[PDB]
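What follows is a single structure, written as structure tokens, with notes after it.
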Amino acid sequence: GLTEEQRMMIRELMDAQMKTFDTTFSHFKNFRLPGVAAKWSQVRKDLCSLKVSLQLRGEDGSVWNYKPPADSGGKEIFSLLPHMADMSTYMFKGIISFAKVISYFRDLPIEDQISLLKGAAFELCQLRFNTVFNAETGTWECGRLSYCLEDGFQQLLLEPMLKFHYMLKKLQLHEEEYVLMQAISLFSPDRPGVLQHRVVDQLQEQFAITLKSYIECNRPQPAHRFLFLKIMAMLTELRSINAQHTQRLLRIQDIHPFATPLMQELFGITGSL
Ligand SMILES: C/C1=C/C(=O)c2c(C)coc2C/C(C)=C/CC1
């Protein structure tokens with residue numbers, strides 16, 4: 001029940017997703033691993049919000065498992081930051097590649113392309129991570145790497161990022177709906193520095209209309225009443241989570257540098273003290 005324009009739009013997004021989302025993480029390699037005054041108090045609270053163990057399954061069948069330390073007043077809270085920076089960077093590269101495939105995106109001026117990616121890279125990363133999230137085990141399954149939430153569940157949903165992943169996974173979205181959420185997030189006209197606000201706003205509206213129509217044509221079930229509005233509310237929440245985590249990372253970065261050059265570029269860090 002979609003127009004030909006809407007069908008081609010979804011096709012171009014799915015194509016970009018297929019080409020740029022390495023769902024097995026096969027090419028995530030050479031990453032770092034944890035080694036074998038009121039600022040610090042808040043950096044202490046900032047880091048304890050995402051507490052995961054790490055599993056690495058080798059091709060040979062071997063398994064390495066890392067359990068993180070407890071917070072005990074020292075630098076041990078930073079042990080996983082280089083690894084997560086390498087992951088973030090790998091994911092960001094895929095997101096940048098995704099955007100550059102999309103015709104609606106490459107037709108924007110280069111300055112707006114950069115402003116949009118700076119604004120949304122983190123959000124599209126989280127949308128992709130949600131598709132590998134296992135809500136039954138509290139684990140993001142990234143091919144041969146697994147990230148498992150330390151253990152109750154009601155106390156984990158207090159952290160906005162974790163509640164987001166559980167609540168989004170519960171909607172049981174299709175691949176097509178995930179990629180339309182990525183586009184809606186990517187084409188946000190009100191990111192800092194955007195100049196073609198009107199063109200970007202018009203593109204975002206078309207992506208949201210496509211998503212609304214996709215759901216109407218393919219989801220008649222009572223469980224999916226208001227699904228479009230639930231998705232748009234999650235995107236609003238994702239934007240809030242994005243803002244929280246940008247401030248959170250800039251605080252950590254300020255006392256304990258860890259951002260890769262790509263992250264610095266995305267977060268506006270110039271390289272000068
Ligand atoms: C909440 C959370 C953190 C992240 O969003 C990132 C980022 C960003 C990079 O690596 C991770 C680890 C990962 C397995 C994802 C979900 C857990």
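In what follows, residues are counted from 1 in the order of the sequence shown. Numbering of ligands and ligand atoms starts at 1, following listing order.
When heavy-atom distances to ligand 1 are checked against a 4.0 Å cut-off, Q126 comes that close only through its side chain, counted from C-beta outward.
Taking every heavy atom of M161 and a limit of under 4.0 angstrom, the matching atoms of ligand 1 come to 1 (C), 5 (O). Within ligand 1, the atoms closer than 4.0 Å to a non-hydrogen atom of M87 are 9 (C), 10 (O), numbered from 1 in the order shown. Listed by number with element, the atoms of ligand 1 under 4.0 angstrom from any heavy atom of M84 are 9 (C). Close contacts of ligand 1 with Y147, meaning ligand atoms under 4.0 Å from a residue heavy atom, involve 14 (C).
With respect to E123 and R191, a salt bridge is recorded, a charged nitrogen being found less than 4.0 Å from a carboxylate O.
Taking the six-membered ring where the residue is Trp, the centroids of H83 and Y147 are separated by under 6.0 Å.
When the heavy atoms of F92, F129, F122 are ranked by distance to atom 11 (C) of ligand 1, first place goes to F129.
Interatomic distance, OG of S53 versus CG of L80, reported as 9.5 Å (0.5 Å rounding).
In this structure, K93 has no salt bridge (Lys or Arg N to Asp or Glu O under 4.0 Å) partners at least two apart in sequence or on a different chain. Considering only residues two or more places apart in sequence or on other chains, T260 meets the side-chain hydrogen bond (donor to acceptor under 3.5 Å, both in side chains) condition with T89.
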